[PDB]
């Protein structure tokens, strides 16, 4: 009745996003039929990858393929216990969050060099996050990895709010880029807060069911809604984008 409850929280939190990612793919495909080949069609292709990765990720977690048990180190609020870890999330972020950055980058028309470095910083953020969840030898190391990951995040954040906005202004998309940048910054901040507050971190919240739902809700906005806003603006502003 707490295990019954913890398991109902887990499975529902995964099944919903398998549904919602699936539906988003369908809708994004239907939307792409009335978009002119070119720079709009490039932004659309990049955008469609986002839920395709997300549904893969969630099939990963549902099947157990990318879920494991981790013994928490001495000093942890749950020291000496095996904790459920959805390390599949941290893994697939490393492919899905660069799809987001590619869409934005194409939208804001950035320098490929800036693009390559941001995406590199982003893959570093994701991988050191996974290192943090997997590290079992000491509490010191888990949070050192957390902090390195934050440093990467900052690199990604800086480029958005400076260079990429600058590129957006002279590409004619500064306004829509600024709507999306805000969503992205606000919502991406949710993830390290969830990690820290949740069971892998401080464990102020000890239900993995709850933390899993927290990530799932964040995915809904950061991926599917983000992607839907992008596509609606692009289909309405095709000339403002092409060439």
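Positions refer to the first chain, counted from 1.
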- prompt: Of 233-241 and 4-12, which one has the bigger average CA B-factor?
  reply: 233-241
- request: Taking the mean of the C-alpha B-factors per stretch from the entry, tell me the winner out of 41-49 and 190-198.
  value: 41-49
- request: In terms of CA temperature factor as recorded, identify the highest of 86, 135, 167, 97.
  value: 167
Selection from 185, 62, 174, 210 [criterion: highest C-alpha temperature factor in the record]: 174
- request: Could you say whether, by C-alpha temperature factor, residue 35 belongs to the lowest, middle or highest third of its chain?
  value: highest
message: Could you place residue 117 in the lowest, middle or highest third of its chain by Cα temperature factor, using the values in the record?
response: middle
Ranked C-alpha temperature factor of residue 155 among modelled chain residues, by third: middle
message: Split into thirds by Cα B-factor across the chain's modelled residues, where does residue 162 land: lowest, middle or highest?
response: highest
- prompt: Considering only modelled residues of the same chain, in which third does the CA B-factor of residue 129 rank: lowest, middle or highest?
  reply: lowest
